[PDB]
$ cat work_3.csv   # CSV, C-alpha atoms
chain,number,residue,atom,x,y,z
B,1,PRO,CA,9.6,10.2,12.2
B,2,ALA,CA,10.3,10.1,8.5
B,3,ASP,CA,11.7,12.9,6.2
B,4,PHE,CA,9.4,13.2,3.1
B,5,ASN,CA,11.0,16.5,1.9
B,6,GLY,CA,11.8,16.4,-1.8
B,7,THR,CA,10.7,16.0,-5.4
B,8,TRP,CA,9.6,12.5,-6.3
B,9,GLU,CA,8.9,11.3,-9.8
B,10,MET,CA,6.6,8.4,-10.4
B,11,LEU,CA,8.2,5.0,-11.2
B,12,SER,CA,5.1,2.9,-11.2
B,13,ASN,CA,1.3,3.1,-10.8
B,14,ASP,CA,-0.7,-0.1,-10.3
B,15,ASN,CA,-4.5,-0.5,-10.0
B,16,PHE,CA,-5.1,3.2,-10.4
B,17,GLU,CA,-8.1,2.5,-12.6
B,18,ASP,CA,-9.7,0.3,-9.9
B,19,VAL,CA,-9.7,3.2,-7.4
B,20,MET,CA,-10.8,5.7,-10.0
B,21,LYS,CA,-13.7,3.5,-11.0
B,22,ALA,CA,-14.6,3.1,-7.2
B,23,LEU,CA,-14.7,7.0,-7.2
B,24,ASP,CA,-17.1,7.1,-10.1
B,25,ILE,CA,-14.6,8.7,-12.4
B,26,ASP,CA,-15.9,8.2,-16.0
B,27,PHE,CA,-14.1,5.6,-18.2
B,28,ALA,CA,-12.9,8.3,-20.7
B,29,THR,CA,-11.2,10.2,-17.9
B,30,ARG,CA,-9.7,7.0,-16.4
B,31,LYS,CA,-8.2,6.1,-19.8
B,32,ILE,CA,-6.5,9.6,-20.0
B,33,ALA,CA,-5.2,9.5,-16.4
B,34,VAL,CA,-3.8,6.0,-16.3
B,35,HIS,CA,-1.0,6.6,-18.7
B,36,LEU,CA,0.2,9.9,-17.2
B,37,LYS,CA,3.3,10.5,-15.1
B,38,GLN,CA,3.1,12.4,-11.8
B,39,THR,CA,5.6,14.2,-9.7
B,40,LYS,CA,5.1,14.8,-6.0
B,41,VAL,CA,6.7,17.9,-4.5
B,42,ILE,CA,6.7,17.8,-0.7
B,43,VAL,CA,7.7,20.3,1.9
B,44,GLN,CA,7.7,18.9,5.5
B,45,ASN,CA,8.3,20.8,8.6
B,46,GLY,CA,7.7,18.5,11.6
B,47,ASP,CA,4.0,17.6,11.4
B,48,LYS,CA,3.3,20.3,8.8
B,49,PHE,CA,3.1,19.1,5.2
B,50,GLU,CA,2.7,21.1,2.0
B,51,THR,CA,2.4,18.7,-1.0
B,52,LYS,CA,2.1,19.4,-4.7
B,53,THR,CA,1.2,16.8,-7.3
B,54,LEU,CA,2.2,17.8,-10.8
B,55,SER,CA,1.1,16.0,-14.0
B,56,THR,CA,-0.3,16.6,-17.5
B,57,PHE,CA,-3.4,15.1,-15.9
B,58,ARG,CA,-4.2,17.2,-12.9
B,59,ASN,CA,-2.2,19.5,-10.7
B,60,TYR,CA,-3.3,19.7,-7.1
B,61,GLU,CA,-2.1,20.6,-3.6
B,62,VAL,CA,-2.7,18.9,-0.3
B,63,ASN,CA,-1.6,20.9,2.8
B,64,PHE,CA,-2.2,19.5,6.3
B,65,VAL,CA,-0.9,19.3,9.8
B,66,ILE,CA,-0.7,15.9,11.5
B,67,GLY,CA,-3.8,15.3,13.6
B,68,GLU,CA,-5.7,18.4,12.5
B,69,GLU,CA,-8.9,17.5,10.5
B,70,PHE,CA,-9.6,19.8,7.5
B,71,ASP,CA,-12.2,20.1,4.9
B,72,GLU,CA,-10.7,18.9,1.5
B,73,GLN,CA,-12.0,19.3,-2.0
B,74,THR,CA,-10.5,16.4,-4.1
B,75,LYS,CA,-9.9,18.3,-7.3
B,76,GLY,CA,-7.2,15.9,-8.5
B,77,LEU,CA,-9.8,13.1,-8.8
B,78,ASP,CA,-13.5,13.2,-8.2
B,79,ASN,CA,-14.0,16.7,-6.8
B,80,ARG,CA,-15.9,15.6,-3.7
B,81,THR,CA,-15.9,17.3,-0.4
B,82,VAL,CA,-14.4,15.2,2.4
B,83,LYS,CA,-13.1,15.6,5.9
B,84,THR,CA,-9.5,14.6,6.0
B,85,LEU,CA,-7.3,13.7,8.9
B,86,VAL,CA,-3.7,12.4,8.6
B,87,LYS,CA,-1.9,10.7,11.5
B,88,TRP,CA,1.4,8.9,12.0
B,89,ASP,CA,1.6,5.0,12.0
B,90,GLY,CA,5.3,4.9,13.1
B,91,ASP,CA,7.1,6.6,10.2
B,92,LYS,CA,4.2,6.1,7.7
B,93,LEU,CA,1.4,8.7,7.0
B,94,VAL,CA,-2.1,7.3,7.3
B,95,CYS,CA,-5.0,9.4,5.9
B,96,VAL,CA,-8.7,8.9,6.4
B,97,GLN,CA,-11.1,10.9,4.1
B,98,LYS,CA,-14.6,11.0,5.6
B,99,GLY,CA,-17.4,11.5,3.1
B,100,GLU,CA,-19.7,9.8,0.6
B,101,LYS,CA,-17.4,7.0,-0.3
B,102,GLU,CA,-16.7,4.3,2.4
B,103,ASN,CA,-13.2,3.3,3.5
B,104,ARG,CA,-11.5,6.1,1.6
B,105,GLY,CA,-8.0,7.4,2.4
B,106,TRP,CA,-4.4,6.9,1.6
B,107,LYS,CA,-1.1,5.7,3.2
B,108,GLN,CA,2.4,7.0,2.4
B,109,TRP,CA,5.8,5.9,3.4
B,110,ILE,CA,9.5,5.9,2.5
B,111,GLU,CA,11.7,2.9,1.8
B,112,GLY,CA,15.3,3.9,1.0
B,113,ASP,CA,14.9,6.6,-1.7
B,114,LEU,CA,11.5,5.4,-2.9
B,115,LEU,CA,8.2,7.0,-1.7
B,116,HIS,CA,5.2,4.6,-1.6
B,117,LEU,CA,1.7,5.8,-1.9
B,118,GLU,CA,-1.3,3.5,-1.5
B,119,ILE,CA,-4.7,5.1,-2.3
B,120,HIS,CA,-7.8,3.2,-1.2
B,121,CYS,CA,-11.5,3.4,-1.7
B,122,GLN,CA,-14.1,0.7,-0.8
B,123,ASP,CA,-12.4,-2.6,-1.5
B,124,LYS,CA,-10.0,-1.2,-4.1
B,125,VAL,CA,-6.4,-0.2,-3.6
B,126,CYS,CA,-3.8,1.6,-5.9
B,127,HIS,CA,-0.1,1.3,-5.3
B,128,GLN,CA,2.2,4.1,-6.6
B,129,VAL,CA,6.0,4.3,-6.3
B,130,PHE,CA,8.1,7.5,-6.7
B,131,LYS,CA,11.9,7.9,-6.9
B,132,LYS,CA,13.5,10.8,-5.1
B,133,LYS,CA,15.0,13.4,-7.4
B,134,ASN,CA,18.5,14.5,-6.5
$ encode --input "work_3.csv" --output "structure tokens"
Amino acid sequence: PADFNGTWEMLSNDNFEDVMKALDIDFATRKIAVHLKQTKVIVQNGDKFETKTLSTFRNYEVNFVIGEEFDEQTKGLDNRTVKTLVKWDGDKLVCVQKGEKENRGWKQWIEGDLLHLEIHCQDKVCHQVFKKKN
């Protein structure tokens, strides 16, 4: 479907603290992480994704293949073990992370040259927007 290949620098980050609080991240850490810029670096070969997040906050990778469930350690956030599975919803990526927290996952898609990421946990949702670098 879509082509996520590229380097994408964050434009905006809304309601990040709501999701971080839902993940039990401590307030001090939230206060640090809310004002930090992130870059996403993505290599996509068909259903194969290698993603790098880069910030002064946390650096982390997420590598997956569409429809292949994998065990994931969420180092960029709460450092929990979850079972992650990413699938297509048309041209959007929809990820379910099965573990201690209910209704956890994320959804990612492209509009023009912006990448949108929604991260959700429980009843909270964060919306991030990134601009393609080139």
$ residues_around --input "work_3.csv" --residues "range 95-106 of chain B" --least-positions-apart "5" --cutoff "6 Å" --atoms "only C-alpha atoms" --output "list in words"
residues 82, 83, 84, 85, 86, 118, 119, 120, 121 and 122 of chain B
$ atom_distance --input "work_3.csv" --atom1 "CA of residue 49 in chain B" --atom2 "CA of residue 64 in chain B"
5.4 Å
$ residues_near_point --input "work_3.csv" --point "(-1.5, 20.0, -3.5)" --cutoff "10 Å" --atoms "all atoms listed in the file" --output "JSON, numbers by chain"
{"B": [40, 41, 42, 49, 50, 51, 52, 53, 54, 59, 60, 61, 62, 63, 64, 74, 75, 76]}
$ atom_distance --input "work_3.csv" --atom1 "CA of residue 38 in chain B" --atom2 "CA of residue 113 in chain B"
16.6 Å
$ residues_around --input "work_3.csv" --residues "residue 115 in chain B" --least-positions-apart "2" --cutoff "6 Å" --atoms "only C-alpha atoms" --output "PyMOL selection string"
chain B and resi 109-110+129-130
$ residues_around --input "work_3.csv" --residues "residue 66 in chain B" --least-positions-apart "2" --cutoff "6 Å" --atoms "all atoms listed in the file" --output "ChimeraX atom specification"
/B:47,68,86-87
$ residues_around --input "work_3.csv" --residues "residue 17 in chain B" --least-positions-apart "3" --cutoff "7 Å" --atoms "only C-alpha atoms" --output "PyMOL selection string"
chain B and resi 20-21+30+34
$ closest_residue --input "work_3.csv" --among "B:16, B:117, B:67, B:89" --to "residue 31 in chain B" --atoms "all atoms listed in the file"
B:16
$ closest_residue --input "work_3.csv" --among "B:93, B:43, B:33, B:28" --to "residue 2 in chain B" --atoms "all atoms listed in the file"
B:93
$ atom_distance --input "work_3.csv" --atom1 "CA of residue 10 in chain B" --atom2 "CA of residue 116 in chain B"
9.7 Å
$ closest_residue --input "work_3.csv" --among "B:7, B:26, B:1, B:18" --to "residue 131 in chain B" --atoms "all atoms listed in the file"
B:7
$ closest_residue --input "work_3.csv" --among "B:128, B:29, B:45, B:73" --to "residue 11 in chain B" --atoms "only C-alpha atoms"
B:128
$ closest_residue --input "work_3.csv" --among "B:35, B:107, B:94, B:57" --to "residue 126 in chain B" --atoms "all atoms listed in the file"
B:107
$ decode --input "work_3.csv" --residues "range 24-61 of chain B" --atoms "N, CA and C atoms" --output "short mmCIF file (atom, residue, chain, number, x, y, z; two decimals), in the first residue's frame"
data_model
loop_
_atom_site.label_atom_id
_atom_site.label_comp_id
_atom_site.auth_asym_id
_atom_site.auth_seq_id
_atom_site.Cartn_x
_atom_site.Cartn_y
_atom_site.Cartn_z
N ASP B 24 1.99 4.31 33.29
CA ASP B 24 2.62 4.44 34.60
C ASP B 24 4.02 5.03 34.51
N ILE B 25 4.31 5.83 33.49
CA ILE B 25 5.64 6.49 33.48
C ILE B 25 5.60 7.60 34.53
N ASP B 26 6.61 7.70 35.40
CA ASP B 26 6.58 8.72 36.45
C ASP B 26 6.59 10.16 35.96
N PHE B 27 5.97 11.06 36.73
CA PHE B 27 5.78 12.44 36.33
C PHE B 27 7.08 13.15 35.94
N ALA B 28 8.16 12.95 36.69
CA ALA B 28 9.45 13.53 36.34
C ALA B 28 9.87 13.14 34.92
N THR B 29 9.75 11.85 34.61
CA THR B 29 10.09 11.37 33.27
C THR B 29 9.20 11.94 32.19
N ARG B 30 7.89 11.96 32.39
CA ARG B 30 6.96 12.66 31.53
C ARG B 30 7.35 14.10 31.24
N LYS B 31 7.78 14.79 32.31
CA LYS B 31 8.09 16.21 32.11
C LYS B 31 9.32 16.38 31.22
N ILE B 32 10.24 15.43 31.31
CA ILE B 32 11.41 15.43 30.44
C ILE B 32 11.07 15.17 28.98
N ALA B 33 10.28 14.12 28.80
CA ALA B 33 9.97 13.55 27.50
C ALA B 33 8.98 14.39 26.73
N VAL B 34 8.14 15.19 27.39
CA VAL B 34 7.15 15.91 26.59
C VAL B 34 7.75 16.99 25.71
N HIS B 35 8.87 17.59 26.10
CA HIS B 35 9.38 18.70 25.30
C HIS B 35 10.49 18.30 24.35
N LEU B 36 10.60 17.02 24.06
CA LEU B 36 11.72 16.59 23.22
C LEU B 36 11.27 16.23 21.81
N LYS B 37 12.11 16.60 20.86
CA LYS B 37 11.90 16.32 19.45
C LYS B 37 12.28 14.88 19.18
N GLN B 38 11.60 14.27 18.23
CA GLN B 38 11.94 12.94 17.77
C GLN B 38 12.06 12.99 16.24
N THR B 39 12.87 12.08 15.76
CA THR B 39 12.98 11.75 14.35
C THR B 39 12.66 10.27 14.19
N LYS B 40 11.87 9.98 13.17
CA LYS B 40 11.63 8.58 12.87
C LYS B 40 12.44 8.24 11.62
N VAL B 41 13.23 7.17 11.62
CA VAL B 41 13.90 6.74 10.39
C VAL B 41 13.31 5.39 10.00
N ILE B 42 12.80 5.27 8.78
CA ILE B 42 12.04 4.07 8.42
C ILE B 42 12.58 3.47 7.13
N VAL B 43 12.86 2.19 7.16
CA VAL B 43 13.16 1.43 5.95
C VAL B 43 12.07 0.38 5.73
N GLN B 44 11.37 0.49 4.62
CA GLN B 44 10.26 -0.41 4.30
C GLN B 44 10.56 -1.15 3.00
N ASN B 45 10.55 -2.47 3.11
CA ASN B 45 10.60 -3.33 1.93
C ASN B 45 9.34 -4.19 1.89
N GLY B 46 8.31 -3.80 1.14
CA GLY B 46 7.05 -4.54 1.15
C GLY B 46 6.45 -4.60 2.54
N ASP B 47 6.28 -5.79 3.12
CA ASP B 47 5.67 -5.87 4.45
C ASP B 47 6.73 -5.89 5.55
N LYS B 48 7.98 -5.63 5.19
CA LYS B 48 9.09 -5.66 6.13
C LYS B 48 9.50 -4.25 6.54
N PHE B 49 9.43 -3.96 7.84
CA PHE B 49 9.71 -2.64 8.35
C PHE B 49 10.84 -2.64 9.37
N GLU B 50 11.80 -1.75 9.19
CA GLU B 50 12.85 -1.44 10.14
C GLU B 50 12.78 0.02 10.56
N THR B 51 12.37 0.26 11.80
CA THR B 51 12.12 1.65 12.18
C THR B 51 13.05 2.01 13.35
N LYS B 52 13.55 3.22 13.26
CA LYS B 52 14.42 3.84 14.23
C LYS B 52 13.79 5.14 14.71
N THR B 53 13.61 5.27 16.01
CA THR B 53 13.25 6.55 16.58
C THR B 53 14.50 7.17 17.21
N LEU B 54 14.79 8.43 16.93
CA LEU B 54 15.94 9.11 17.50
C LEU B 54 15.50 10.36 18.26
N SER B 55 15.87 10.48 19.53
CA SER B 55 15.66 11.70 20.28
C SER B 55 16.73 11.83 21.36
N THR B 56 16.76 12.99 21.99
CA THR B 56 17.53 13.20 23.20
C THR B 56 16.84 12.46 24.34
N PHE B 57 15.55 12.15 24.16
CA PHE B 57 14.88 11.35 25.20
C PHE B 57 15.35 9.90 25.09
N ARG B 58 14.68 9.12 24.25
CA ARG B 58 15.10 7.73 24.11
C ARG B 58 15.33 7.37 22.65
N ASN B 59 16.36 6.58 22.39
CA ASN B 59 16.49 6.02 21.04
C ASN B 59 15.93 4.60 21.08
N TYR B 60 15.18 4.20 20.05
CA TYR B 60 14.79 2.78 20.06
C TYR B 60 14.45 2.35 18.64
N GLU B 61 14.43 1.04 18.45
CA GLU B 61 14.07 0.41 17.19
C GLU B 61 12.79 -0.40 17.40
#
